Amino acid sequence: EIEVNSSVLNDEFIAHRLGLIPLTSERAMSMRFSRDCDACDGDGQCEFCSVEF
Amino acid sequence: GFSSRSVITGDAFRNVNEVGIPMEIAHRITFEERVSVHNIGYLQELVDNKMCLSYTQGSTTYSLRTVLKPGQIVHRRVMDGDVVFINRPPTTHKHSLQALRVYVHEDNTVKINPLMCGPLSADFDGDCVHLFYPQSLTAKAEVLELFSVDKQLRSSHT
Amino acid sequence: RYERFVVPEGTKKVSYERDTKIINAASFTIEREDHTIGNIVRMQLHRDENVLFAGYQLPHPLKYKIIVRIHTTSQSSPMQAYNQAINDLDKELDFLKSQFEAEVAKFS
Amino acid sequence: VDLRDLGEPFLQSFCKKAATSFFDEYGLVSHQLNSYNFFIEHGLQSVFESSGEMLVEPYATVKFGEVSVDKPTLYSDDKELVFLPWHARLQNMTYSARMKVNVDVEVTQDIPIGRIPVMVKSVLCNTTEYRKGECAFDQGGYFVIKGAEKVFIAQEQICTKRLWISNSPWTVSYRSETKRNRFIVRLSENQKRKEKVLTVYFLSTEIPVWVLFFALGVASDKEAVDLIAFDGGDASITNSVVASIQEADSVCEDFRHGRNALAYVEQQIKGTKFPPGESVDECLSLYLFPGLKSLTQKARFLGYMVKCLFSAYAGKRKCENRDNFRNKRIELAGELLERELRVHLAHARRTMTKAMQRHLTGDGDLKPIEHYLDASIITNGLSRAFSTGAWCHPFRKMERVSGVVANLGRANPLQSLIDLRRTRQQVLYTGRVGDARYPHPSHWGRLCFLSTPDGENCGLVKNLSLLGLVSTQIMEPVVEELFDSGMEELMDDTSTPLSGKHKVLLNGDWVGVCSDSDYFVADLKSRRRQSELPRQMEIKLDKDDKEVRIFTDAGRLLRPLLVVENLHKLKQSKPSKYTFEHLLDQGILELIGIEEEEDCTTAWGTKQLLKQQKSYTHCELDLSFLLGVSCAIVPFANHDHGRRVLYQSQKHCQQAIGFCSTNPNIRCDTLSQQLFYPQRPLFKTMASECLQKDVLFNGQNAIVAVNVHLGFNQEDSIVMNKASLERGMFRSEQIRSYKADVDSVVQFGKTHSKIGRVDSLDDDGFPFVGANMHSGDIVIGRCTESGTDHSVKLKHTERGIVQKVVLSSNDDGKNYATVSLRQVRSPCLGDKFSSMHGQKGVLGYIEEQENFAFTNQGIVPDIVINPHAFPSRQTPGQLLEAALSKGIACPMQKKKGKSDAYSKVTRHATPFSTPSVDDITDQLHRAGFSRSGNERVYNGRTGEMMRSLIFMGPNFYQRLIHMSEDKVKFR
Amino acid sequence: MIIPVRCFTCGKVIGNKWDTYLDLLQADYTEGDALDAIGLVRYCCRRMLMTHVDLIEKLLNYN
Amino acid sequence: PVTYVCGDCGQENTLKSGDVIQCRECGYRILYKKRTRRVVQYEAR
Amino acid sequence: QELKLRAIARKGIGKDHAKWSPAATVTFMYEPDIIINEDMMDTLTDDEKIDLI
RNA sequence: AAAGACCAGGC
DNA sequence: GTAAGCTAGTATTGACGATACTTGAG
DNA sequence: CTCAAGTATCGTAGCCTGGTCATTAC
Ligand SMILES: [Mg+2]
Ligand SMILES: [Zn+2]
Ligand SMILES: [Zn+2]
Ligand SMILES: [Zn+2]
């Protein structure tokens, strides 16, 4: 979710670059998919399904 | 009734007389049916599932984009098992009018069996075909009876 | 929309169907699987001795679905051979995991 | 001095440095800019003075003085604003300059006379000096006409500075500028069985040639047949000359007596339709052979013309064919703009005189001269000819040709580059031509014989070679410096014979003779190599015709070559990277035209041809510079069939998606496409090393395997990798612009309702930046006041996110708006692709990564093609490129274990000097691979080792602009 | 415009290796030796760095 | 607040009517619509 | 110029998009068995052995 | 509206 | 009213079928 | 007093679909 972009690159370029950066994932076997989580709506930080950056 | 132009690709794992049709094409072309006995429940299921696009009782074309009585015209969308007929634009393709059975997919092309390249003299390097959709019932009988692949199996040139 | 990956619909995960022309013969249809499960189940059924036919097939290479066909002798049945293959595969995977954990703890 | 001690690699390095200096000094669009610059600096004044003065009589005379042009400016306020071409593009204006002339009328002030369009990067452009408004990828050479970019296509005409010998009635013809200058000598029967006689068609009047001989001043028949100089024998020639004598005597009674023949040509000229306003003596001094002084010289030139006809008759001379390019001149912007401006200047003067002639009858009451001359005639005529394409006919009056002005394409920078380097032979009915559609051997080095269209314009439209130059007119006099090399005068006695001497001809005009011709030519060429003769001067020695021809006119095609005898002057020099001027000034290089090259032995580029045997006078810089700019960069281009090279270099490289621009914020094109990550190839041709440009290539380096894939790549289909596409291979951005205009009633506004679908619109009638517009929405709201509006709606397949909204206005009161929509596409299942060897195809299947067949390092393909495509298309170079590229991206395993492991790596694949297959396979063997180019692979679905070895390697692939979702239609 | 985060074919992280490769080229290395010292072994990963065109610098000037 | 900028200098005009399309501080006739403040959501795919 | 954004990171697998794959390259190879018949190896002179190797 | 003119894809 | 200033006045890339005219002589 | 004929012209000569522009005011 992009608020300000004044660079010479467009937003899909930046989002596709951000999608491919590897994060540390040791929790991934213990958390659940977002199609299965009922404790939230997505759309923010919520444990077992989502992290906010 | 309707016509459609699209790029062709191949598919060797479906049947020879089958053609795959993109969903963007399929959900905007209609077939017309006259509602009467032996198809009240089968067409009622379709109108309940919002698969019939339009309607006309009598002549005043009321849209649906109503219960069924026997005697009006339902316009439903193309689904699996219908009959279209295919033609590459006949620049030299003098005898290439073929009748094929429809299945629907999600991609952007029209898929045909690779055995049907030489009856159409087409290849997969950018060629487009025209599909035509028969609306009248006697036209459906003529298309199914003269131009099917098993009917046209032995050539008439050689 | 990218959600129809591993979830099936209201169908069963596995559906059994015992064919009529040949006896001691069946075809198990498995939803949301592909070459990974089908190939090891096929090559584990060939290790069995009361199995005369074992083979798997995707009905179409763009569908996430397989069909597994077993023909057995009269000393066993298709369902026993299927379940024996699956249990043997679990015990082999457990043995492999214990060996790998031992070697990883050894290397440090 | 031997050239062996200079060495071959030194000479290759010098050839690369010299071509690099050429491209630094000239560029690729010098032939447009030089022609426009010559028209502005010289040709404009020549038009306005050659037009002449005039006097209206019902007296009042007018005279045109000198002409001035000033830079393009804007008078929006009463300030003078600088006018740049991007202002002209965005405001839908024409980018033009004002012309002023100062008149002198007597029965004196400066009057504005019109606006002439300005070529970008010329001497009138305001961008000549990371400026605001410029792209880095751009050179000049185009025009901005009503907001649109246009280019000139060069027009080919026949050379009229020579004689032309036909054979349909056996004609020989002299042409010139004036239509009253045409001179024809015909050999025919004007009637039994008459002997063939000689006739003159001068000023639309058939005259016997013997009468014209005695009219010009000859005294005897023996000195007249000395002027013809039969070379003896040939009884048909003697029969024709005695028949022409006794036919001359059968028309005038004793024409040989004083002024009888001259009185005869008086009464023969004067009786025609529209006789000239002159006596015959001034008619001869005006319209007979302009450039010669005495009537003695005109008699000598007529004898030379008759000798040429009789030599063609006997089979000792050939007839001229118009496919040999030594008989052709090429017309660019100056030659076309002069011809166009003469028409509308005459139309201005004609409606000036019939406007002055009323008020002059009407007492002085004469106005200032700015009233009697309308300036919009020239201004409207030039812009109408630019915006419609209809130029003027070269020689027909009142006619209009059509293939002159084209549109500039901006799909990639290579399409713009090759749209500026074209040449055309226009023909009457397209479909019945001679050898016009074919390569002639006089195209060598100057036009590409591999790349051409394939539609109706096949062969009729040509492309310039890489080192090709179009000459320009030399303004200094050159005839007085010819005497210093051993040329003598042409005397006036018509009684002295000139046997053994060679004739010299300067632009077709006979100006002298020379005794020794193999010293005259070799001294002129030596004085040209030391910069005291002009560099664009063509000298041709002709042994059979006994003739020396010299050309200094515009429109000749030149190219540079090494001069072998001056080639030893490099050793003693210093190998700092040269200028082209310094190599020209030392005689190492020369510019050579088509006719001079017929006297040249040129070694074939290869220094190994030059230095193994020295029987040569020149040598090429490289053989691949024989091809055009899109054909010289193709790897192994002499290894493929010619239809495939034509497909790649004329069609597929103009449709590739790559680079677009470096300043997209001021480009409101209809379509703009661009890759996310453009790459360059792995191989290095000579032209790509010399131009140093990356925007010649538009595509990606995909790893290709040659294998069957479940029957999904038959009939020229391809299979792609899903995971390579998700990581951004062949990912494309696309921007489309939607434009609308109003007068400054209909206006821009919110339309106050949802008749279409209005969600993102503001009060002004345009959406916000970043809106997500859908098919069926309203992109531009033109609310007609109090309703009944005409808005612009997106069609059934037009989507996107709003990138910018631009609002512009005009100078004549008109408002424009442009809205741009951004889309991002990865390849779908009917998108079109092609390699660099003409193997086009469609994407037919997208496969998962773990289903692909893999190598012992885990490399999977990105693209899989069918092996049935190779034995049938005749493109073997695609296998040799992939085997070369794999050898240059692999690590050298260091079996030797030395320092310079990567020193002897082969990476060029230049056309006509490709590496041999032993070098490519030795490079693959040093990298640890099989020489045949294939490798063992494991099956991806089952894990088994596959029985067949598979050819794999990187190929440069291109994503073309034909996409599947744009071809879907339903009626 | 900028170097891609991962190799197209295999998926190895290469997006933090461009300035190091330019620094090694600036100290008079061959391209093969500049890729050897930086850890790239498969030719699919090496052709990502040998063939990259760095268009971001030209985009930064022309606005 | 729909405001425009000048593509030559950068002066932020505020057009609300339909008189002409022109700057004040330059006199040139090219203006851009300014990007206001709002959040747009994308997939990182 | 300025960049300002907020991201949501979730769990997924490489079959859905290649950004969720943890392997830059996983592969195996068959182990080979090589026999050289030494009774036919003596028949070769050593420059022919170098030519073979 | 109607024709010209251009370009592309096929045959 | 534009006929396409007057514009040449034959004086330069097309080339065949298809129809229509000014001879001698039975 | 008409056939043939030797020119004398006429007129079509690749064709079809797409997308596009730019269209004299007097
Ligand atoms: Mg095709
Ligand atoms: Zn949650
Ligand atoms: Zn890789
Ligand atoms: Zn301003």
Side-chain angles (χ1 to χ4, degrees), chain B residues 5 7 88-94 121-123 125-130, chain D residues 145-148 150 153 156-160 164 166 168-169 171-175 179-186 199-204 206 271-276 320-323 327 343-354 376-377 380-381 383-384 386-390 393-407 409 411 415 419 425-437 453-457 460 650-651 654-655 670-671 832 840 960-962 966-967 969:
Chain B
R5 185 181 168 89
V7 175
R88 202 161 181 260
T91 58
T92 312
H93 311 87
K94 308 303 173 227
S121 72
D123 55 344
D125 66 338
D127 297 15
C128 296
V129 298
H130 297 173
Chain D
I145 308 300
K146 283 305 192 291
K150 307 280 184 46
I153 309 182
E156 314 171 351
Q157 320 290 327
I158 52 153
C159 166
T160 76
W164 267 78
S166 300
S168 176
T171 321
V172 55
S173 162
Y174 175 101
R175 313 167 166 90
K179 203 159 166 62
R180 287 193 192 259
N181 266 331
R182 286 182 165 177
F183 192 89
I184 285 94
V185 184
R186 200 168 261 121
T199 320
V200 163
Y201 203 44
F202 185 58
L203 281 169
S204 68
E206 272 188 347
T272 193
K273 314 205 309 173
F274 292 102
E320 263 89 13
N321 58 326
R322 46 171 310 144
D323 296 325
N327 315 314
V343 189
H344 308 116
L345 183 55
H347 185 281
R349 278 154 55 129
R350 173 157 50 240
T351 77
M352 185 170 191
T353 70
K354 82 185 199 59
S376 65
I377 294 156
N380 274 27
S383 66
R384 174 168 174 85
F386 264 107
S387 74
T388 60
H393 205 277
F395 47 86
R396 259 75 157 266
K397 253 252 210 284
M398 309 230 289
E399 278 202 52
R400 301 226 164 245
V401 292
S402 195
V404 170
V405 165
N407 259 302
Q415 166 169 342
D419 277 5
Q425 172 59 231
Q426 292 177 335
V427 293
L428 275 66
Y429 175 77
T430 187
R432 199 52 194 88
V433 296
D435 311 343
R437 292 193 189 273
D454 55 350
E456 50 168 1
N457 298 331
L460 291 188
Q650 188 69 34
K651 320 178 99 171
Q654 295 185 218
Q655 290 160 195
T670 286
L671 184 57
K832 199 165 161 184
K840 58 162 178 156
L960 307 180
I961 58 181
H962 300 294
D966 295 313
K967 310 296 186 68
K969 281 206 57 196

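Convention: sequence-line order gives letters A, B, ...; per-chain numbering from 1. In what follows, every heavy atom counts, from backbone to side chain, and hydrogens, waters and symmetry copies are set aside.
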Does OP1 or OP2 of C7(H) have a side-chain N or O of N457(D) closer than 4.0 Å?
yes
Using the sign of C1'-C2'-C3'-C4', would you call the sugar of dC16(J) north or south?
north
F202(D) versus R182(D): any side-chain heavy-atom pair under 4.5 Å?
no
Contact class for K150(D) vs. all strands (heavy atom < 4.0 Å): base, sugar-phosphate, or nothing?
nothing
Rounded to whole Å, please give me the gap between NE2 in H347(D) and P in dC26(J).
13 Å
Would you indicate which nucleotide in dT12(I), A5(H), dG9(I) comes nearest to any side-chain atom of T160(D)?
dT12(I)
Mind checking whether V7(B) and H962(D) have side chains closer than 4.5 Å, heavy atoms only?
no
Phosphate OP1/OP2 of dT12(I): any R175(D) side-chain N/O under 4.0 Å:
yes
Any non-hydrogen side-chain atom of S173(D) less than 4.5 Å from a side-chain atom of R175(D)?
yes
Please confirm whether the shortest side-chain N or O distance from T171(D) to OP1 or OP2 of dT12(I) is below 4.0 Å.
no
To the nearest Å, give me how far apart CZ (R432(D)) and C1' (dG11(J)) are.
17 Å
Suppose we call a contact any N or O donor and acceptor under 3.5 Å apart; does that hold for the side chain of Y201(D) and the base of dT10(I)?
yes
Taking the sign of the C1'-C2'-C3'-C4' torsion, positive for north and negative for south, which way does the sugar of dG18(J) pucker?
north
Short side-chain N/O contact to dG9(I) OP1/OP2 from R180(D), under 4.0 Å:
no
For a 4.5 angstrom cut-off between non-hydrogen side-chain atoms, does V404(D) reach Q426(D)?
yes
Compare side-chain N and O positions of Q654(D) against OP1 and OP2 of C7(H) and report whether any pair is under 4.0 Å apart.
no
Do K651(D) and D454(D) meet the salt-bridge criterion of a basic N to acidic O distance under 4.0 Å?
yes
Does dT10(I) have OP1 or OP2 sitting under 4.0 Å from an N or O in the side chain of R182(D)?
no
Using the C1' atom as the reference point in each nucleotide, state the distance between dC26(J) and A2(H) in Å, no decimals.
22 Å
Could you check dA13(J) for me: syn (within 90° of 0) or anti?
syn
Does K967(D) have a side-chain nitrogen or oxygen under 4.0 Å from the phosphate oxygens OP1 or OP2 of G10(H)?
no
Looking at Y429(D), I'd like to know whether one of its side-chain N or O atoms comes within less than 4.0 Å of OP1 or OP2 on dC16(I).
no
